[PDB]
file work37.txt (compact mmCIF, N, CA and C atoms (P, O5', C5', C4', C3', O3' and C1' of nucleotides))
# COMPACT_ATOMS: atom_id res chain seq x y z
N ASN F 1 1.57 6.70 -34.06
CA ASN F 1 0.77 7.87 -34.46
C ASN F 1 -0.11 7.54 -35.66
N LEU F 2 0.50 6.96 -36.70
CA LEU F 2 -0.24 6.50 -37.88
C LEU F 2 -1.36 5.55 -37.49
N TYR F 3 -1.06 4.57 -36.62
CA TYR F 3 -2.07 3.58 -36.26
C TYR F 3 -3.26 4.23 -35.56
N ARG F 4 -3.00 5.12 -34.61
CA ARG F 4 -4.13 5.72 -33.89
C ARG F 4 -4.95 6.59 -34.83
N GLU F 5 -4.29 7.25 -35.79
CA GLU F 5 -5.08 8.11 -36.67
C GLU F 5 -5.82 7.31 -37.74
N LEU F 6 -5.40 6.07 -38.05
CA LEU F 6 -6.30 5.27 -38.87
C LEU F 6 -7.48 4.77 -38.05
N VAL F 7 -7.23 4.30 -36.82
CA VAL F 7 -8.31 3.64 -36.09
C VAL F 7 -9.37 4.65 -35.66
N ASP F 8 -8.98 5.87 -35.29
CA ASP F 8 -10.01 6.80 -34.84
C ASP F 8 -10.78 7.44 -35.99
N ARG F 9 -10.33 7.27 -37.23
CA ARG F 9 -11.06 7.74 -38.41
C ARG F 9 -11.66 6.62 -39.23
N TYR F 10 -11.05 5.44 -39.22
CA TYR F 10 -11.53 4.28 -39.97
C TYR F 10 -11.76 3.12 -39.02
N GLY F 11 -12.48 3.37 -37.92
CA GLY F 11 -12.63 2.38 -36.86
C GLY F 11 -13.31 1.10 -37.28
N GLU F 12 -14.15 1.15 -38.30
CA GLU F 12 -14.77 -0.04 -38.85
C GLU F 12 -13.83 -0.64 -39.89
N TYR F 13 -14.33 -1.56 -40.71
CA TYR F 13 -13.71 -2.14 -41.89
C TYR F 13 -12.58 -3.12 -41.55
N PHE F 14 -12.14 -3.22 -40.30
CA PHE F 14 -11.00 -4.06 -39.96
C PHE F 14 -10.91 -4.19 -38.44
N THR F 15 -10.12 -5.17 -38.01
CA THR F 15 -9.75 -5.32 -36.61
C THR F 15 -8.23 -5.44 -36.51
N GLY F 16 -7.63 -4.65 -35.63
CA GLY F 16 -6.20 -4.68 -35.45
C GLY F 16 -5.79 -4.66 -33.99
N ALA F 17 -4.89 -5.57 -33.61
CA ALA F 17 -4.48 -5.67 -32.22
C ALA F 17 -2.96 -5.70 -32.10
N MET F 18 -2.46 -5.96 -30.89
CA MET F 18 -1.04 -6.00 -30.61
C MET F 18 -0.77 -7.04 -29.53
N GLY F 19 0.25 -7.85 -29.72
CA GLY F 19 0.69 -8.80 -28.72
C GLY F 19 0.30 -10.23 -29.03
N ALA F 20 0.43 -11.08 -28.01
CA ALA F 20 0.23 -12.52 -28.19
C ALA F 20 -1.23 -12.86 -28.46
N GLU F 21 -2.17 -12.06 -27.94
CA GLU F 21 -3.57 -12.32 -28.22
C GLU F 21 -3.88 -12.12 -29.70
N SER F 22 -3.17 -11.19 -30.35
CA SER F 22 -3.34 -11.00 -31.79
C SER F 22 -2.81 -12.21 -32.56
N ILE F 23 -1.70 -12.79 -32.10
CA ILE F 23 -1.18 -14.01 -32.72
C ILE F 23 -2.17 -15.15 -32.53
N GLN F 24 -2.80 -15.22 -31.36
CA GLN F 24 -3.83 -16.23 -31.13
C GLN F 24 -5.01 -16.04 -32.07
N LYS F 25 -5.42 -14.79 -32.29
CA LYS F 25 -6.50 -14.52 -33.24
C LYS F 25 -6.09 -14.91 -34.66
N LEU F 26 -4.82 -14.66 -35.02
CA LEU F 26 -4.32 -15.07 -36.33
C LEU F 26 -4.39 -16.58 -36.50
N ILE F 27 -3.96 -17.32 -35.48
CA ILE F 27 -4.01 -18.78 -35.54
C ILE F 27 -5.46 -19.26 -35.60
N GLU F 28 -6.37 -18.55 -34.93
CA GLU F 28 -7.79 -18.88 -35.04
C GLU F 28 -8.28 -18.74 -36.48
N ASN F 29 -7.98 -17.61 -37.11
CA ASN F 29 -8.42 -17.35 -38.48
C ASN F 29 -7.31 -17.72 -39.46
N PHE F 30 -7.11 -19.03 -39.62
CA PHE F 30 -6.04 -19.52 -40.49
C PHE F 30 -6.42 -20.91 -40.98
N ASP F 31 -6.79 -21.00 -42.26
CA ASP F 31 -7.08 -22.29 -42.88
C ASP F 31 -5.76 -22.98 -43.21
N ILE F 32 -5.49 -24.10 -42.53
CA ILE F 32 -4.26 -24.84 -42.79
C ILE F 32 -4.32 -25.53 -44.15
N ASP F 33 -5.52 -25.94 -44.58
CA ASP F 33 -5.65 -26.79 -45.76
C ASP F 33 -5.37 -26.00 -47.04
N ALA F 34 -6.05 -24.87 -47.21
CA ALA F 34 -5.87 -24.08 -48.43
C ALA F 34 -4.46 -23.52 -48.53
N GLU F 35 -3.89 -23.10 -47.39
CA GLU F 35 -2.51 -22.62 -47.39
C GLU F 35 -1.54 -23.74 -47.76
N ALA F 36 -1.78 -24.95 -47.25
CA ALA F 36 -0.93 -26.08 -47.60
C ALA F 36 -1.03 -26.40 -49.09
N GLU F 37 -2.24 -26.39 -49.65
CA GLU F 37 -2.39 -26.63 -51.08
C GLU F 37 -1.74 -25.53 -51.91
N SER F 38 -1.79 -24.28 -51.45
CA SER F 38 -1.09 -23.20 -52.14
C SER F 38 0.41 -23.43 -52.12
N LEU F 39 0.95 -23.90 -50.99
CA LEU F 39 2.37 -24.22 -50.92
C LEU F 39 2.73 -25.37 -51.85
N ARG F 40 1.86 -26.38 -51.93
CA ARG F 40 2.06 -27.47 -52.88
C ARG F 40 2.08 -26.95 -54.31
N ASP F 41 1.17 -26.03 -54.64
CA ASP F 41 1.15 -25.43 -55.97
C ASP F 41 2.43 -24.64 -56.24
N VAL F 42 2.93 -23.92 -55.23
CA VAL F 42 4.15 -23.14 -55.40
C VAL F 42 5.34 -24.05 -55.67
N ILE F 43 5.48 -25.11 -54.88
CA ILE F 43 6.56 -26.07 -55.12
C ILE F 43 6.38 -26.78 -56.46
N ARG F 44 5.14 -27.01 -56.88
CA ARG F 44 4.85 -27.65 -58.16
C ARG F 44 5.26 -26.77 -59.34
N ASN F 45 5.02 -25.47 -59.26
CA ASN F 45 5.25 -24.57 -60.39
C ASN F 45 6.45 -23.65 -60.20
N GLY F 46 6.61 -23.05 -59.03
CA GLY F 46 7.66 -22.08 -58.82
C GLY F 46 9.04 -22.72 -58.76
N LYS F 47 10.05 -21.85 -58.68
CA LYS F 47 11.44 -22.29 -58.67
C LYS F 47 12.29 -21.24 -57.97
N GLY F 48 13.49 -21.67 -57.56
CA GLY F 48 14.46 -20.75 -56.99
C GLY F 48 14.38 -20.56 -55.49
N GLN F 49 14.57 -19.31 -55.05
CA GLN F 49 14.47 -19.00 -53.62
C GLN F 49 13.05 -19.20 -53.12
N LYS F 50 12.06 -18.80 -53.92
CA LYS F 50 10.66 -19.01 -53.56
C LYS F 50 10.38 -20.49 -53.33
P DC M 1 13.21 1.47 -66.09
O5' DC M 1 12.55 0.02 -65.92
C5' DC M 1 11.39 -0.32 -66.67
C4' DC M 1 11.07 -1.80 -66.54
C3' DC M 1 11.18 -2.37 -65.13
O3' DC M 1 10.11 -3.27 -64.89
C1' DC M 1 12.61 -3.57 -66.58
P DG M 2 9.65 -3.60 -63.38
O5' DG M 2 10.06 -5.13 -63.18
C5' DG M 2 9.47 -6.14 -63.99
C4' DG M 2 10.33 -7.39 -63.99
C3' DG M 2 10.73 -7.89 -62.61
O3' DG M 2 10.03 -9.10 -62.30
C1' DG M 2 12.57 -7.93 -64.17
P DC M 3 9.36 -9.30 -60.86
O5' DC M 3 10.08 -10.61 -60.28
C5' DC M 3 11.49 -10.63 -60.13
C4' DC M 3 12.10 -11.78 -60.92
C3' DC M 3 12.76 -12.85 -60.08
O3' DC M 3 12.73 -14.10 -60.77
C1' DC M 3 14.41 -11.64 -61.28
P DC M 4 13.10 -15.45 -59.99
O5' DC M 4 14.66 -15.63 -60.26
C5' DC M 4 15.42 -16.55 -59.48
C4' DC M 4 16.81 -16.71 -60.06
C3' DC M 4 17.82 -17.40 -59.15
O3' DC M 4 18.80 -18.06 -59.93
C1' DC M 4 18.45 -15.14 -59.46
P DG M 5 19.67 -19.26 -59.29
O5' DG M 5 21.14 -18.64 -59.17
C5' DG M 5 22.16 -19.37 -58.49
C4' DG M 5 23.49 -18.66 -58.60
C3' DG M 5 24.52 -19.07 -57.56
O3' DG M 5 25.83 -19.05 -58.11
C1' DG M 5 23.95 -16.78 -57.26
P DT M 6 27.05 -19.68 -57.27
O5' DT M 6 27.67 -18.42 -56.50
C5' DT M 6 28.30 -17.38 -57.23
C4' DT M 6 28.81 -16.30 -56.30
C3' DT M 6 29.63 -16.80 -55.10
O3' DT M 6 30.90 -16.15 -55.08
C1' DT M 6 27.95 -15.27 -54.40
P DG M 7 31.95 -16.45 -53.90
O5' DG M 7 31.68 -15.28 -52.85
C5' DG M 7 31.69 -13.93 -53.28
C4' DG M 7 31.33 -12.99 -52.15
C3' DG M 7 32.01 -13.31 -50.81
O3' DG M 7 32.79 -12.20 -50.39
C1' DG M 7 29.66 -12.94 -50.52
P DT M 8 33.73 -12.31 -49.09
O5' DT M 8 32.87 -11.62 -47.94
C5' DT M 8 32.27 -10.35 -48.18
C4' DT M 8 31.37 -9.96 -47.02
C3' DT M 8 31.96 -10.24 -45.63
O3' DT M 8 32.00 -9.04 -44.88
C1' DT M 8 29.73 -11.09 -45.81
P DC M 9 32.63 -9.03 -43.40
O5' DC M 9 31.36 -9.19 -42.45
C5' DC M 9 30.20 -8.41 -42.70
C4' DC M 9 29.04 -8.87 -41.85
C3' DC M 9 29.39 -9.19 -40.39
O3' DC M 9 28.52 -8.48 -39.52
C1' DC M 9 28.13 -10.95 -41.36
P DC M 10 28.72 -8.53 -37.93
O5' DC M 10 27.48 -9.41 -37.44
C5' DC M 10 26.16 -9.06 -37.85
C4' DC M 10 25.13 -9.97 -37.22
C3' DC M 10 25.41 -10.34 -35.76
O3' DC M 10 24.22 -10.25 -35.00
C1' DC M 10 25.29 -12.32 -37.10
P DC M 11 24.24 -10.56 -33.42
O5' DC M 11 23.83 -12.10 -33.34
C5' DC M 11 22.73 -12.57 -34.10
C4' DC M 11 22.62 -14.08 -34.00
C3' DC M 11 22.93 -14.66 -32.62
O3' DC M 11 21.80 -15.36 -32.13
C1' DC M 11 24.03 -15.88 -34.34
P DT M 12 21.82 -16.03 -30.67
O5' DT M 12 22.15 -17.56 -30.96
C5' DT M 12 21.35 -18.29 -31.88
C4' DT M 12 21.81 -19.73 -31.98
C3' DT M 12 22.16 -20.39 -30.64
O3' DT M 12 21.58 -21.68 -30.57
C1' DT M 12 23.96 -20.61 -32.15
P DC M 13 21.43 -22.42 -29.15
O5' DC M 13 22.52 -23.60 -29.22
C5' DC M 13 22.31 -24.69 -30.10
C4' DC M 13 23.61 -25.43 -30.35
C3' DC M 13 24.29 -26.01 -29.10
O3' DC M 13 24.17 -27.43 -29.08
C1' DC M 13 25.86 -24.97 -30.61
P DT M 14 24.61 -28.25 -27.78
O5' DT M 14 26.16 -28.54 -28.00
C5' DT M 14 26.58 -29.41 -29.05
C4' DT M 14 28.10 -29.42 -29.18
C3' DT M 14 28.84 -29.70 -27.88
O3' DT M 14 29.08 -31.09 -27.74
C1' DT M 14 29.91 -27.99 -29.24
P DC M 15 29.47 -31.71 -26.31
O5' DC M 15 31.04 -31.42 -26.17
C5' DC M 15 31.94 -31.95 -27.14
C4' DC M 15 33.33 -31.35 -26.97
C3' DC M 15 33.85 -31.32 -25.56
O3' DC M 15 34.44 -32.57 -25.23
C1' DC M 15 34.40 -29.30 -26.76
P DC M 16 13.91 2.89 8.81
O5' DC M 16 12.63 2.52 9.71
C5' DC M 16 11.35 3.01 9.35
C4' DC M 16 11.30 4.53 9.49
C3' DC M 16 10.18 5.03 10.39
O3' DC M 16 10.73 5.63 11.56
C1' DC M 16 9.99 5.97 8.15
P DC M 17 10.73 4.82 12.95
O5' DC M 17 9.31 5.17 13.59
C5' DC M 17 8.95 6.52 13.81
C4' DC M 17 7.53 6.78 13.37
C3' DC M 17 6.45 6.09 14.19
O3' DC M 17 6.00 6.95 15.22
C1' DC M 17 5.95 6.21 11.82
P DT M 18 5.07 6.39 16.40
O5' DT M 18 3.59 6.52 15.82
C5' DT M 18 3.14 7.77 15.31
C4' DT M 18 1.76 7.62 14.69
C3' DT M 18 0.77 6.84 15.55
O3' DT M 18 -0.24 7.70 16.05
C1' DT M 18 0.70 6.15 13.24
P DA M 19 -1.28 7.16 17.15
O5' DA M 19 -2.48 6.55 16.29
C5' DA M 19 -3.08 7.33 15.26
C4' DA M 19 -4.15 6.52 14.54
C3' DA M 19 -4.99 5.63 15.45
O3' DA M 19 -6.37 5.74 15.10
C1' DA M 19 -4.06 4.35 13.70
P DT M 20 -7.52 5.22 16.10
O5' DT M 20 -8.38 4.24 15.18
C5' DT M 20 -7.74 3.47 14.18
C4' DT M 20 -8.72 2.59 13.45
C3' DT M 20 -9.62 1.75 14.34
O3' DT M 20 -10.85 1.48 13.68
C1' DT M 20 -8.05 0.35 13.20
P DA M 21 -11.99 0.62 14.42
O5' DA M 21 -11.81 -0.84 13.81
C5' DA M 21 -11.83 -1.02 12.40
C4' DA M 21 -11.50 -2.45 12.03
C3' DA M 21 -12.17 -3.51 12.91
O3' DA M 21 -12.77 -4.50 12.09
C1' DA M 21 -9.83 -3.88 12.83
P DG M 22 -13.76 -5.60 12.72
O5' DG M 22 -12.94 -6.96 12.56
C5' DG M 22 -12.35 -7.28 11.31
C4' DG M 22 -11.26 -8.31 11.48
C3' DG M 22 -11.64 -9.54 12.31
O3' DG M 22 -11.29 -10.72 11.60
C1' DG M 22 -9.60 -8.66 13.05
P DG M 23 -11.85 -12.16 12.06
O5' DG M 23 -10.52 -13.03 12.24
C5' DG M 23 -9.63 -13.19 11.14
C4' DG M 23 -8.29 -13.76 11.59
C3' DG M 23 -8.37 -15.09 12.33
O3' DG M 23 -7.23 -15.88 12.01
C1' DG M 23 -7.41 -13.47 13.75
P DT M 24 -7.06 -17.37 12.58
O5' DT M 24 -5.96 -17.22 13.73
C5' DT M 24 -4.65 -16.77 13.40
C4' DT M 24 -3.72 -16.87 14.60
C3' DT M 24 -3.76 -18.19 15.36
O3' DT M 24 -2.46 -18.50 15.84
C1' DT M 24 -4.37 -16.44 16.82
P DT M 25 -2.05 -20.02 16.16
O5' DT M 25 -1.63 -19.97 17.70
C5' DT M 25 -0.64 -19.05 18.14
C4' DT M 25 -0.78 -18.77 19.63
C3' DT M 25 -0.90 -20.01 20.51
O3' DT M 25 -0.20 -19.80 21.74
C1' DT M 25 -2.69 -18.60 20.92
P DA M 26 1.37 -20.12 21.86
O5' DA M 26 1.67 -20.02 23.43
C5' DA M 26 1.54 -18.77 24.12
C4' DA M 26 0.68 -18.93 25.36
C3' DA M 26 0.59 -20.36 25.88
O3' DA M 26 1.41 -20.59 27.08
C1' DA M 26 -1.56 -19.26 25.85
P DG M 27 1.48 -19.56 28.32
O5' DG M 27 -0.04 -19.17 28.65
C5' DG M 27 -0.32 -18.13 29.58
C4' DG M 27 -1.53 -18.47 30.44
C3' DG M 27 -1.41 -19.75 31.28
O3' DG M 27 -1.87 -19.49 32.60
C1' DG M 27 -3.41 -19.78 30.05
P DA M 28 -1.64 -20.55 33.79
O5' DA M 28 -3.09 -20.67 34.46
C5' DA M 28 -3.75 -19.49 34.93
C4' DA M 28 -5.26 -19.67 34.95
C3' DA M 28 -5.76 -20.83 35.82
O3' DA M 28 -6.94 -20.43 36.52
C1' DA M 28 -6.53 -21.11 33.61
P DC M 29 -7.53 -21.35 37.71
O5' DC M 29 -8.93 -21.87 37.13
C5' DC M 29 -10.10 -21.06 37.27
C4' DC M 29 -11.33 -21.81 36.77
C3' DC M 29 -11.68 -23.07 37.56
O3' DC M 29 -13.09 -23.19 37.70
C1' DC M 29 -11.29 -23.63 35.29
P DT M 30 -13.71 -24.35 38.64
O5' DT M 30 -14.21 -25.46 37.60
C5' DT M 30 -15.40 -25.25 36.84
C4' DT M 30 -15.72 -26.46 35.99
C3' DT M 30 -16.18 -27.70 36.77
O3' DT M 30 -17.16 -28.41 36.01
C1' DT M 30 -14.18 -28.19 35.61
P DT M 31 -17.92 -29.69 36.63
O5' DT M 31 -17.51 -30.87 35.63
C5' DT M 31 -17.70 -30.70 34.23
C4' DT M 31 -16.90 -31.71 33.44
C3' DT M 31 -17.13 -33.17 33.84
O3' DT M 31 -17.45 -33.93 32.68
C1' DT M 31 -14.81 -32.68 33.76
P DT M 32 -18.09 -35.40 32.82
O5' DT M 32 -16.93 -36.36 32.29
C5' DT M 32 -16.18 -35.99 31.14
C4' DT M 32 -14.93 -36.84 31.01
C3' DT M 32 -15.11 -38.30 31.43
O3' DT M 32 -14.43 -39.15 30.52
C1' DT M 32 -13.33 -37.36 32.61
P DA M 33 -14.98 -40.63 30.22
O5' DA M 33 -13.65 -41.49 30.00
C5' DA M 33 -12.72 -41.12 28.98
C4' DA M 33 -11.29 -41.33 29.44
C3' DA M 33 -10.91 -42.78 29.76
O3' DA M 33 -9.57 -43.03 29.32
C1' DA M 33 -10.57 -41.44 31.67
P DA M 34 -8.84 -44.42 29.66
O5' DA M 34 -8.10 -44.13 31.04
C5' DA M 34 -7.19 -43.06 31.15
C4' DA M 34 -6.33 -43.20 32.39
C3' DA M 34 -6.00 -44.65 32.77
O3' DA M 34 -4.64 -44.73 33.17
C1' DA M 34 -7.04 -43.56 34.59
P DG M 35 -3.89 -46.15 33.24
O5' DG M 35 -3.31 -46.19 34.72
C5' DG M 35 -2.54 -45.10 35.20
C4' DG M 35 -2.58 -45.03 36.72
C3' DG M 35 -2.26 -46.34 37.44
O3' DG M 35 -1.35 -46.09 38.50
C1' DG M 35 -4.30 -45.47 38.22
P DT M 36 -0.80 -47.31 39.40
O5' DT M 36 -1.80 -47.33 40.65
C5' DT M 36 -2.03 -46.15 41.40
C4' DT M 36 -2.85 -46.43 42.64
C3' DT M 36 -2.62 -47.80 43.29
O3' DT M 36 -2.22 -47.62 44.64
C1' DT M 36 -4.94 -47.32 43.09
P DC M 37 -1.69 -48.86 45.51
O5' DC M 37 -2.87 -49.14 46.54
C5' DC M 37 -3.25 -48.14 47.48
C4' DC M 37 -4.48 -48.56 48.26
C3' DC M 37 -4.38 -49.93 48.94
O3' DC M 37 -5.03 -49.89 50.22
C1' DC M 37 -6.25 -49.89 47.54
P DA M 38 -4.81 -51.08 51.28
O5' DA M 38 -5.78 -50.70 52.49
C5' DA M 38 -7.03 -50.05 52.24
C4' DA M 38 -8.18 -51.05 52.16
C3' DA M 38 -7.89 -52.44 52.74
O3' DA M 38 -8.65 -52.64 53.93
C1' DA M 38 -9.07 -52.54 50.65
P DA M 39 -8.59 -54.04 54.71
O5' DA M 39 -9.85 -54.85 54.15
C5' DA M 39 -11.16 -54.30 54.27
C4' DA M 39 -12.17 -55.15 53.53
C3' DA M 39 -12.21 -56.63 53.95
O3' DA M 39 -13.56 -57.05 54.14
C1' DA M 39 -11.96 -56.45 51.61
P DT M 40 -13.87 -58.57 54.57
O5' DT M 40 -14.02 -59.35 53.19
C5' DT M 40 -14.95 -58.89 52.21
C4' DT M 40 -15.19 -59.95 51.14
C3' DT M 40 -15.05 -61.41 51.62
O3' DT M 40 -16.13 -62.19 51.10
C1' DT M 40 -13.78 -61.08 49.70
P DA M 41 -16.39 -63.69 51.63
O5' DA M 41 -17.61 -64.20 50.73
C5' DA M 41 -17.79 -63.70 49.41
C4' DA M 41 -17.28 -64.69 48.37
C3' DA M 41 -17.16 -66.14 48.84
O3' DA M 41 -17.99 -66.97 48.04
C1' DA M 41 -15.19 -65.44 47.68
P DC M 42 -18.06 -68.56 48.28
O5' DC M 42 -17.10 -69.16 47.15
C5' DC M 42 -17.31 -68.80 45.79
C4' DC M 42 -16.22 -69.38 44.90
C3' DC M 42 -15.94 -70.87 45.10
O3' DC M 42 -15.86 -71.53 43.84
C1' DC M 42 -13.93 -69.63 45.28

call {"tool": "encode", "arguments": {"input": "work37.txt", "output": "structure tokens"}}
result
Amino acid sequence: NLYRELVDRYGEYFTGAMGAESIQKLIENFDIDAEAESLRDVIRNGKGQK
DNA sequence: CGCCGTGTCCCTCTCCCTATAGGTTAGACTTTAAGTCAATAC
């Protein structure tokens, strides 16, 4: 209910889907390099469970 | 007020019927490759 009432009032500004095609879109829009460097930074500085 | 260890638990691995339209095959007709005989010459 919440989802349909956001999309029919705020139809622009974003794209939202459901299912495996959405996961495929996520993998499409995913920079492996910057995320990997962020993980390197986290291991370099962070500690604990993180 | 803001994050970190210990504990418990969940999970995984191992030893009905009707009506229309169209495709398929089986069955027979005429043609052809095939088996056959008779006389002959060297």

call {"tool": "closest_atom_pairs", "arguments": {"input": "work37.txt", "of": "chain M", "to": "chain F", "cutoff": "12 Å", "atoms": "only C-alpha atoms (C1' of nucleotides)", "output": "tab-separated table"}}
result
residue	atom	partner	partner_atom	distance
M:3	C1'	F:48	CA	10.1
M:4	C1'	F:48	CA	7.3
M:5	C1'	F:48	CA	10.3

call {"tool": "write_last_selection", "arguments": {"input": "work37.txt", "atoms": "N, CA and C atoms (P, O5', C5', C4', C3', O3' and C1' of nucleotides)", "output": "compact mmCIF listing (two decimals), in the frame of the given file"}}
result
# COMPACT_ATOMS: atom_id res chain seq x y z
P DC M 3 9.36 -9.30 -60.86
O5' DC M 3 10.08 -10.61 -60.28
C5' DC M 3 11.49 -10.63 -60.13
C4' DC M 3 12.10 -11.78 -60.92
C3' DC M 3 12.76 -12.85 -60.08
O3' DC M 3 12.73 -14.10 -60.77
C1' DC M 3 14.41 -11.64 -61.28
P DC M 4 13.10 -15.45 -59.99
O5' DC M 4 14.66 -15.63 -60.26
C5' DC M 4 15.42 -16.55 -59.48
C4' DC M 4 16.81 -16.71 -60.06
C3' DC M 4 17.82 -17.40 -59.15
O3' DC M 4 18.80 -18.06 -59.93
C1' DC M 4 18.45 -15.14 -59.46
P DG M 5 19.67 -19.26 -59.29
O5' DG M 5 21.14 -18.64 -59.17
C5' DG M 5 22.16 -19.37 -58.49
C4' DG M 5 23.49 -18.66 -58.60
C3' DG M 5 24.52 -19.07 -57.56
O3' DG M 5 25.83 -19.05 -58.11
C1' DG M 5 23.95 -16.78 -57.26

call {"tool": "axis_aligned_box", "arguments": {"input": "work37.txt", "around": "range 3-13 of chain M", "padding_each_side": "5 Å", "output": "JSON"}}
result
{"center_x": 21.5, "center_y": -17.9, "center_z": -45.2, "size_x": 34.4, "size_y": 29.0, "size_z": 42.2}

call {"tool": "atom_distance", "arguments": {"input": "work37.txt", "atom1": "atom N of residue 26 in chain F", "atom2": "atom C of residue 12 in chain F"}}
result
17.4 Å

call {"tool": "residues_near_point", "arguments": {"input": "work37.txt", "point": "(-3.3, 0.3, -38.3)", "cutoff": "8 Å", "atoms": "all atoms listed in the file", "output": "list in words"}}
result
residues 2, 3, 4, 5, 6, 7, 15, 16 and 17 of chain F

call {"tool": "atom_distance", "arguments": {"input": "work37.txt", "atom1": "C4' of residue 9 in chain M", "atom2": "CA of residue 47 in chain F"}}
result
27.8 Å

call {"tool": "atom_distance", "arguments": {"input": "work37.txt", "atom1": "atom N of residue 21 in chain F", "atom2": "atom C of residue 33 in chain F"}}
result
23.9 Å
